[PDB]
$ cat work_3.txt   # compact mmCIF, C-alpha atoms
# COMPACT_ATOMS: atom_id res chain seq x y z
CA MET V 1 185.45 26.70 -87.01
CA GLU V 2 185.58 25.72 -83.34
CA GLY V 3 188.36 27.36 -81.35
CA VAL V 4 186.70 26.64 -78.00
CA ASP V 5 184.66 23.76 -76.62
CA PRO V 6 182.22 25.25 -74.02
CA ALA V 7 179.18 23.07 -73.17
CA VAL V 8 179.48 22.09 -76.82
CA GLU V 9 178.11 18.67 -76.12
CA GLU V 10 175.61 18.81 -73.25
CA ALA V 11 173.99 15.64 -71.86
CA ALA V 12 170.42 14.74 -70.85
CA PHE V 13 167.69 17.39 -70.63
CA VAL V 14 167.40 18.53 -67.01
CA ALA V 15 164.54 20.83 -66.03
CA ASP V 16 165.01 24.58 -66.46
CA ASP V 17 165.06 25.18 -62.69
CA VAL V 18 167.77 22.61 -61.92
CA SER V 19 169.52 23.00 -65.27
CA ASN V 20 170.28 26.66 -64.61
CA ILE V 21 171.40 26.22 -60.98
CA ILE V 22 173.72 23.32 -61.77
CA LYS V 23 175.19 24.96 -64.88
CA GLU V 24 175.44 28.45 -63.36
CA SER V 25 177.23 26.72 -60.51
CA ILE V 26 179.78 25.00 -62.80
CA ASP V 27 180.30 28.31 -64.54
CA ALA V 28 181.33 29.68 -61.14
CA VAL V 29 182.73 26.52 -59.52
CA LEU V 30 185.01 26.17 -62.57
CA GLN V 31 185.55 29.77 -63.76
CA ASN V 32 185.97 31.25 -60.24
CA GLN V 33 189.71 30.53 -60.38
CA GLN V 34 192.36 29.27 -62.78
CA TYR V 35 192.69 25.68 -63.99
CA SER V 36 194.08 23.75 -61.00
CA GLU V 37 194.58 19.97 -60.93
CA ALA V 38 194.14 20.01 -57.16
CA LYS V 39 190.84 21.73 -57.92
CA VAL V 40 190.05 19.57 -60.99
CA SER V 41 188.12 17.33 -58.56
CA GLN V 42 187.45 19.78 -55.74
CA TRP V 43 185.85 22.02 -58.34
CA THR V 44 182.90 19.72 -58.92
CA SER V 45 182.79 19.14 -55.16
CA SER V 46 182.24 22.84 -54.60
CA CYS V 47 179.62 22.78 -57.33
CA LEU V 48 177.86 20.03 -55.46
CA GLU V 49 177.81 22.24 -52.41
CA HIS V 50 176.90 25.22 -54.58
CA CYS V 51 174.18 23.07 -56.20
CA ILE V 52 172.74 21.64 -53.03
CA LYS V 53 172.89 24.98 -51.16
CA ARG V 54 171.00 26.63 -54.01
CA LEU V 55 168.36 23.92 -54.26
CA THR V 56 167.69 24.46 -50.57
CA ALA V 57 167.26 28.19 -51.16
CA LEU V 58 164.77 27.46 -53.93
CA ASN V 59 163.21 24.54 -51.99
CA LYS V 60 161.81 22.86 -55.12
CA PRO V 61 161.78 19.96 -55.47
CA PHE V 62 162.33 18.79 -51.89
CA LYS V 63 164.44 15.62 -51.96
CA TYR V 64 167.32 15.97 -54.42
CA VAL V 65 170.73 14.36 -54.90
CA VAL V 66 173.80 15.98 -56.43
CA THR V 67 176.56 13.82 -57.92
CA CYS V 68 179.23 14.36 -60.55
CA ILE V 69 182.12 12.56 -62.21
CA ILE V 70 185.33 14.15 -63.50
CA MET V 71 186.62 13.08 -66.92
CA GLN V 72 190.37 13.70 -66.93
CA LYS V 73 191.50 14.34 -70.51
CA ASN V 74 189.88 12.53 -73.44
CA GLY V 75 192.08 9.45 -73.64
CA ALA V 76 191.38 8.52 -70.03
CA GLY V 77 188.74 5.85 -69.53
CA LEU V 78 185.81 6.54 -67.22
CA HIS V 79 182.72 4.41 -66.60
CA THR V 80 180.22 4.43 -63.73
CA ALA V 81 177.54 1.86 -62.88
CA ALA V 82 174.55 2.00 -60.57
CA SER V 83 171.56 -0.23 -60.00
CA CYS V 84 168.99 1.12 -57.55
CA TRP V 85 166.17 -0.68 -55.77
CA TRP V 86 162.47 0.16 -56.09
CA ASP V 87 161.32 3.72 -55.32
CA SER V 88 158.99 5.67 -57.62
CA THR V 89 159.11 8.65 -55.25
CA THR V 90 162.88 9.01 -55.49
CA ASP V 91 163.13 9.05 -59.29
CA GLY V 92 164.73 11.77 -61.38
CA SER V 93 168.36 11.32 -62.43
CA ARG V 94 169.35 14.19 -64.73
CA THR V 95 172.97 14.20 -65.95
CA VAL V 96 174.88 16.98 -67.70
CA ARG V 97 178.30 17.05 -69.36
CA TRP V 98 180.42 20.21 -69.28
CA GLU V 99 183.39 20.73 -71.58
CA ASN V 100 185.91 23.54 -72.11
CA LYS V 101 188.98 22.44 -74.10
CA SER V 102 189.78 18.82 -73.29
CA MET V 103 188.89 18.01 -69.69
CA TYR V 104 185.25 16.96 -69.28
CA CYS V 105 183.09 17.27 -66.18
CA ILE V 106 179.78 15.43 -65.81
CA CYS V 107 177.27 16.36 -63.12
CA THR V 108 173.90 14.72 -62.51
CA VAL V 109 171.15 16.12 -60.32
CA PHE V 110 168.73 13.58 -58.94
CA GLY V 111 165.34 15.21 -58.59
CA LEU V 112 163.54 12.96 -56.13
CA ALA V 113 159.84 13.59 -55.47
CA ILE V 114 160.10 13.59 -51.68
CA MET G 1 205.79 -11.78 -54.05
CA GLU G 2 202.54 -10.74 -55.73
CA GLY G 3 201.86 -12.42 -59.06
CA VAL G 4 198.16 -11.60 -58.98
CA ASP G 5 196.12 -8.65 -57.75
CA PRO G 6 192.70 -10.03 -56.61
CA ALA G 7 190.70 -7.76 -54.24
CA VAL G 8 194.16 -6.85 -53.00
CA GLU G 9 193.04 -3.38 -52.10
CA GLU G 10 189.39 -3.40 -51.04
CA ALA G 11 187.53 -0.18 -50.21
CA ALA G 12 185.13 0.84 -47.41
CA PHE G 13 183.72 -1.74 -44.99
CA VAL G 14 180.28 -2.80 -46.23
CA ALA G 15 178.13 -5.01 -44.01
CA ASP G 16 178.62 -8.78 -44.19
CA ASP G 17 175.21 -9.32 -45.81
CA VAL G 18 175.72 -6.81 -48.63
CA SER G 19 179.48 -7.30 -48.81
CA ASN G 20 179.10 -10.97 -49.71
CA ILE G 21 176.29 -10.50 -52.26
CA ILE G 22 178.06 -7.67 -54.08
CA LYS G 23 181.45 -9.40 -54.08
CA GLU G 24 180.09 -12.87 -54.89
CA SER G 25 178.31 -11.14 -57.74
CA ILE G 26 181.50 -9.53 -59.11
CA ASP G 27 183.22 -12.88 -58.81
CA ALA G 28 180.52 -14.22 -61.15
CA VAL G 29 179.73 -11.08 -63.15
CA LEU G 30 183.46 -10.83 -63.94
CA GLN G 31 184.67 -14.47 -63.87
CA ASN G 32 181.61 -15.89 -65.70
CA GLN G 33 183.33 -15.28 -69.05
CA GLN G 34 186.66 -14.12 -70.47
CA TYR G 35 187.98 -10.56 -70.31
CA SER G 36 185.91 -8.62 -72.87
CA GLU G 37 186.15 -4.86 -73.41
CA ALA G 38 182.54 -4.82 -74.60
CA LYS G 39 181.80 -6.47 -71.25
CA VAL G 40 184.31 -4.34 -69.29
CA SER G 41 181.35 -2.01 -68.59
CA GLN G 42 178.45 -4.39 -69.13
CA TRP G 43 180.08 -6.64 -66.55
CA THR G 44 179.43 -4.26 -63.67
CA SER G 45 175.99 -3.63 -65.16
CA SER G 46 175.15 -7.29 -64.84
CA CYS G 47 176.52 -7.21 -61.31
CA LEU G 48 174.16 -4.39 -60.55
CA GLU G 49 171.32 -6.54 -61.74
CA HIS G 50 172.83 -9.54 -59.96
CA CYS G 51 173.21 -7.35 -56.84
CA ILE G 52 169.77 -5.83 -56.90
CA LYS G 53 168.04 -9.14 -57.77
CA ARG G 54 169.79 -10.78 -54.82
CA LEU G 55 168.99 -8.01 -52.37
CA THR G 56 165.33 -8.47 -53.31
CA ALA G 57 165.59 -12.19 -52.61
CA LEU G 58 167.08 -11.45 -49.19
CA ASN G 59 164.75 -8.46 -48.64
CA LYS G 60 167.04 -6.80 -46.09
CA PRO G 61 167.42 -3.90 -45.96
CA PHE G 62 164.43 -2.69 -47.98
CA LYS G 63 165.46 0.42 -49.92
CA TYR G 64 168.89 -0.04 -51.49
CA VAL G 65 170.80 1.47 -54.42
CA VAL G 66 173.44 -0.26 -56.52
CA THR G 67 176.01 1.81 -58.44
CA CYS G 68 179.50 1.16 -59.75
CA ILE G 69 182.27 2.86 -61.70
CA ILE G 70 184.75 1.16 -64.04
CA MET G 71 188.41 2.14 -63.79
CA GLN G 72 189.99 1.43 -67.18
CA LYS G 73 193.69 0.69 -66.68
CA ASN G 74 195.72 2.49 -64.01
CA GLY G 75 196.91 5.52 -65.98
CA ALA G 76 193.36 6.52 -66.88
CA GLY G 77 191.87 9.27 -64.73
CA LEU G 78 188.52 8.69 -63.03
CA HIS G 79 186.72 10.91 -60.52
CA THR G 80 183.06 11.01 -59.47
CA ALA G 81 181.23 13.66 -57.44
CA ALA G 82 177.88 13.64 -55.69
CA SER G 83 176.16 15.95 -53.26
CA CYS G 84 172.83 14.71 -51.93
CA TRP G 85 170.08 16.61 -50.16
CA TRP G 86 168.78 15.86 -46.65
CA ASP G 87 167.51 12.35 -45.87
CA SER G 88 168.56 10.42 -42.76
CA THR G 89 166.39 7.48 -43.82
CA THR G 90 168.19 7.02 -47.13
CA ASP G 91 171.73 6.90 -45.76
CA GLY G 92 174.23 4.10 -46.29
CA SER G 93 176.72 4.45 -49.14
CA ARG G 94 179.15 1.51 -49.02
CA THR G 95 181.77 1.39 -51.79
CA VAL G 96 184.09 -1.46 -52.74
CA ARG G 97 187.03 -1.65 -55.15
CA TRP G 98 187.77 -4.86 -57.05
CA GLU G 99 191.09 -5.50 -58.78
CA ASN G 100 192.56 -8.38 -60.79
CA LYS G 101 195.68 -7.40 -62.75
CA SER G 102 195.38 -3.79 -63.88
CA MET G 103 191.76 -2.89 -64.59
CA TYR G 104 189.89 -1.74 -61.49
CA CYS G 105 186.15 -1.95 -60.83
CA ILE G 106 184.48 -0.02 -58.01
CA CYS G 107 180.96 -0.83 -56.85
CA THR G 108 179.04 0.90 -54.08
CA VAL G 109 175.86 -0.39 -52.48
CA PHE G 110 173.65 2.24 -50.91
CA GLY G 111 171.86 0.70 -47.96
CA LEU G 112 168.93 3.04 -47.39
CA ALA G 113 166.77 2.52 -44.31
CA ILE G 114 163.44 2.57 -46.13
$ encode --input "work_3.txt" --output "structure tokens"
Amino acid sequence: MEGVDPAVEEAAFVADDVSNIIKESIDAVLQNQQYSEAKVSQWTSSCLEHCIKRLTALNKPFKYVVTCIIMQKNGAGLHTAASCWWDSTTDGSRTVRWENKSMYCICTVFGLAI
Amino acid sequence: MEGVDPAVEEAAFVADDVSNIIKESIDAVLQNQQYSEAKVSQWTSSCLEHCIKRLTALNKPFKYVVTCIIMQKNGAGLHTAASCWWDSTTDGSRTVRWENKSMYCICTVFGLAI
């Protein structure tokens, strides 16, 4: 009763504004062409440019970061770590996990308040 | 003519001040105890706290971020992506890759100029 695994297991709860841009971008940055390993990483890189470029067009918020991590297969181990200093202004961090069949792609948009 | 693989293949070229703190921290955050899978990720998390806490003691620079990614084994696939908005003040990004025998641990310190 599955067949396909499309955004079946999304992560975090990003705002509507950023959630749509980032996701719509993956939809295009990943569906634009066929599954290419050379693109398996470049994909998300283009999304980052297609996420940042869009956020600038919308200009809201102002200061925002766009990072993502590619999860090759399911058996592969992936773990990131990050401890930031003090900065209430630059606080957002909204991660999302995209999935299709097996390969997973996580992308987090950091909505920093100026 | 190898035997061991300790920081054999370091990444980037972080400043002396941050390079020592971060590395000295891994040395402790990873050598403090025995190799534990439960700690394989918590390790770098403690380093992040032992990196951030130190940077505060040194208070230089001021605004700094501390993130890291764990590379389980060598066959496992790991890829991160991040596109940030405009901000010349918050620009540093210095990554380092630690290695011992097989498991790799990357940690990047973001030295932001206030």
$ residues_around --input "work_3.txt" --residues "residue 29 (chain V)" --least-positions-apart "3" --cutoff "6 Å" --atoms "all atoms listed in the file" --output "short mmCIF file (atom, residue, chain, number, x, y, z; two decimals) with C-alpha atoms, in the coordinates of the input"
data_model
loop_
_atom_site.label_atom_id
_atom_site.label_comp_id
_atom_site.auth_asym_id
_atom_site.auth_seq_id
_atom_site.Cartn_x
_atom_site.Cartn_y
_atom_site.Cartn_z
CA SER V 25 177.23 26.72 -60.51
CA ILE V 26 179.78 25.00 -62.80
CA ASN V 32 185.97 31.25 -60.24
CA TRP V 43 185.85 22.02 -58.34
CA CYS V 47 179.62 22.78 -57.33
#
$ closest_atom_pairs --input "work_3.txt" --of "chain G" --to "chain V" --cutoff "7 Å" --atoms "all atoms listed in the file" --output "CSV"
residue,atom,partner,partner_atom,distance
G:41,CA,V:79,CA,6.9
G:44,CA,V:81,CA,6.5
G:45,CA,V:81,CA,6.1
G:48,CA,V:83,CA,4.9
G:49,CA,V:83,CA,6.5
G:52,CA,V:85,CA,6.4
G:63,CA,V:85,CA,6.0
G:64,CA,V:85,CA,5.1
G:65,CA,V:84,CA,3.6
G:66,CA,V:83,CA,4.0
G:67,CA,V:82,CA,2.6
G:68,CA,V:81,CA,3.8
G:69,CA,V:80,CA,3.3
G:70,CA,V:79,CA,4.6
G:71,CA,V:78,CA,6.2
G:72,CA,V:77,CA,5.2
G:76,CA,V:76,CA,4.2
G:77,CA,V:72,CA,5.2
G:78,CA,V:78,CA,5.4
G:79,CA,V:70,CA,4.6
G:80,CA,V:69,CA,3.3
G:81,CA,V:68,CA,3.8
G:82,CA,V:67,CA,2.6
G:83,CA,V:66,CA,4.0
G:84,CA,V:65,CA,3.7
G:85,CA,V:64,CA,5.1
G:86,CA,V:63,CA,6.9
$ atom_distance --input "work_3.txt" --atom1 "CA of residue 61 (chain G)" --atom2 "CA of residue 113 (chain V)"
21.3 Å
$ atom_distance --input "work_3.txt" --atom1 "CA of residue 16 (chain V)" --atom2 "CA of residue 102 (chain V)"
26.3 Å
$ atom_distance --input "work_3.txt" --atom1 "CA of residue 30 (chain V)" --atom2 "CA of residue 92 (chain V)"
24.9 Å
$ residues_around --input "work_3.txt" --residues "residue 4 (chain G)" --least-positions-apart "3" --cutoff "9 Å" --atoms "all atoms listed in the file" --output "PyMOL selection string"
chain G and resi 8+100-101
$ residues_near_point --input "work_3.txt" --point "(193.8, -3.1, -54.9)" --cutoff "9 Å" --atoms "only C-alpha atoms" --output "compact mmCIF listing (two decimals) with C-alpha atoms, in the coordinates of the input"
# COMPACT_ATOMS: atom_id res chain seq x y z
CA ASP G 5 196.12 -8.65 -57.75
CA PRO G 6 192.70 -10.03 -56.61
CA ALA G 7 190.70 -7.76 -54.24
CA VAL G 8 194.16 -6.85 -53.00
CA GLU G 9 193.04 -3.38 -52.10
CA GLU G 10 189.39 -3.40 -51.04
CA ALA G 11 187.53 -0.18 -50.21
CA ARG G 97 187.03 -1.65 -55.15
CA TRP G 98 187.77 -4.86 -57.05
CA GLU G 99 191.09 -5.50 -58.78
CA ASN G 100 192.56 -8.38 -60.79
CA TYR G 104 189.89 -1.74 -61.49
$ build_atoms --input "work_3.txt" --residues "region 48-65 of chain G" --atoms "N, CA, C and O atoms" --output "JSON list (two decimals), in the coordinates of the input"
[["chain", "number", "residue", "atom", "x", "y", "z"],
["G", 48, "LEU", "N", 175.16, -5.25, -61.13],
["G", 48, "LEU", "CA", 174.16, -4.39, -60.55],
["G", 48, "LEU", "C", 172.81, -5.07, -60.59],
["G", 48, "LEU", "O", 172.03, -4.96, -59.64],
["G", 49, "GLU", "N", 172.56, -5.81, -61.65],
["G", 49, "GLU", "CA", 171.32, -6.54, -61.74],
["G", 49, "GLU", "C", 171.40, -7.79, -60.88],
["G", 49, "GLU", "O", 170.42, -8.22, -60.29],
["G", 50, "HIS", "N", 172.61, -8.36, -60.78],
["G", 50, "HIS", "CA", 172.83, -9.54, -59.96],
["G", 50, "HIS", "C", 173.09, -9.15, -58.50],
["G", 50, "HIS", "O", 173.30, -10.02, -57.65],
["G", 51, "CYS", "N", 173.02, -7.85, -58.20],
["G", 51, "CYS", "CA", 173.21, -7.35, -56.84],
["G", 51, "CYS", "C", 171.84, -6.96, -56.32],
["G", 51, "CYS", "O", 171.45, -7.30, -55.20],
["G", 52, "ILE", "N", 171.11, -6.27, -57.18],
["G", 52, "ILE", "CA", 169.77, -5.83, -56.90],
["G", 52, "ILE", "C", 168.82, -7.03, -56.80],
["G", 52, "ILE", "O", 168.04, -7.13, -55.86],
["G", 53, "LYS", "N", 168.90, -7.95, -57.76],
["G", 53, "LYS", "CA", 168.04, -9.14, -57.77],
["G", 53, "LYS", "C", 168.25, -9.98, -56.52],
["G", 53, "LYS", "O", 167.32, -10.61, -56.02],
["G", 54, "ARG", "N", 169.48, -10.00, -56.01],
["G", 54, "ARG", "CA", 169.79, -10.78, -54.82],
["G", 54, "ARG", "C", 169.26, -10.10, -53.58],
["G", 54, "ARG", "O", 168.68, -10.74, -52.70],
["G", 55, "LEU", "N", 169.45, -8.79, -53.51],
["G", 55, "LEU", "CA", 168.99, -8.01, -52.37],
["G", 55, "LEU", "C", 167.48, -8.13, -52.21],
["G", 55, "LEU", "O", 166.95, -8.05, -51.10],
["G", 56, "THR", "N", 166.78, -8.32, -53.33],
["G", 56, "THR", "CA", 165.33, -8.47, -53.31],
["G", 56, "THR", "C", 164.97, -9.85, -52.77],
["G", 56, "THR", "O", 163.96, -10.01, -52.07],
["G", 57, "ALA", "N", 165.81, -10.83, -53.07],
["G", 57, "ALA", "CA", 165.59, -12.19, -52.61],
["G", 57, "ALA", "C", 165.80, -12.27, -51.10],
["G", 57, "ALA", "O", 165.10, -13.00, -50.40],
["G", 58, "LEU", "N", 166.77, -11.49, -50.61],
["G", 58, "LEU", "CA", 167.08, -11.45, -49.19],
["G", 58, "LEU", "C", 166.16, -10.47, -48.46],
["G", 58, "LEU", "O", 165.93, -10.60, -47.26],
["G", 59, "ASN", "N", 165.64, -9.47, -49.20],
["G", 59, "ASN", "CA", 164.75, -8.46, -48.64],
["G", 59, "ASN", "C", 165.24, -7.93, -47.29],
["G", 59, "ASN", "O", 164.56, -8.04, -46.28],
["G", 60, "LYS", "N", 166.44, -7.35, -47.30],
["G", 60, "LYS", "CA", 167.04, -6.80, -46.09],
["G", 60, "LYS", "C", 168.40, -6.16, -46.39],
["G", 60, "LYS", "O", 169.36, -6.87, -46.69],
["G", 61, "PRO", "N", 168.52, -4.81, -46.31],
["G", 61, "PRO", "CA", 167.42, -3.90, -45.96],
["G", 61, "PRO", "C", 166.32, -3.89, -47.02],
["G", 61, "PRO", "O", 166.20, -4.82, -47.82],
["G", 62, "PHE", "N", 165.51, -2.82, -47.02],
["G", 62, "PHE", "CA", 164.43, -2.69, -47.98],
["G", 62, "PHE", "C", 164.85, -1.81, -49.16],
["G", 62, "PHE", "O", 164.99, -2.29, -50.28],
["G", 63, "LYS", "N", 165.05, -0.52, -48.89],
["G", 63, "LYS", "CA", 165.46, 0.42, -49.92],
["G", 63, "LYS", "C", 166.98, 0.43, -50.08],
["G", 63, "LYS", "O", 167.71, 0.79, -49.16],
["G", 64, "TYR", "N", 167.45, 0.01, -51.24],
["G", 64, "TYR", "CA", 168.89, -0.04, -51.49],
["G", 64, "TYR", "C", 169.23, 0.35, -52.93],
["G", 64, "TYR", "O", 168.51, 0.00, -53.86],
["G", 65, "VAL", "N", 170.35, 1.06, -53.09],
["G", 65, "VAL", "CA", 170.80, 1.47, -54.42],
["G", 65, "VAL", "C", 172.06, 0.69, -54.78],
["G", 65, "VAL", "O", 172.82, 0.28, -53.90]]
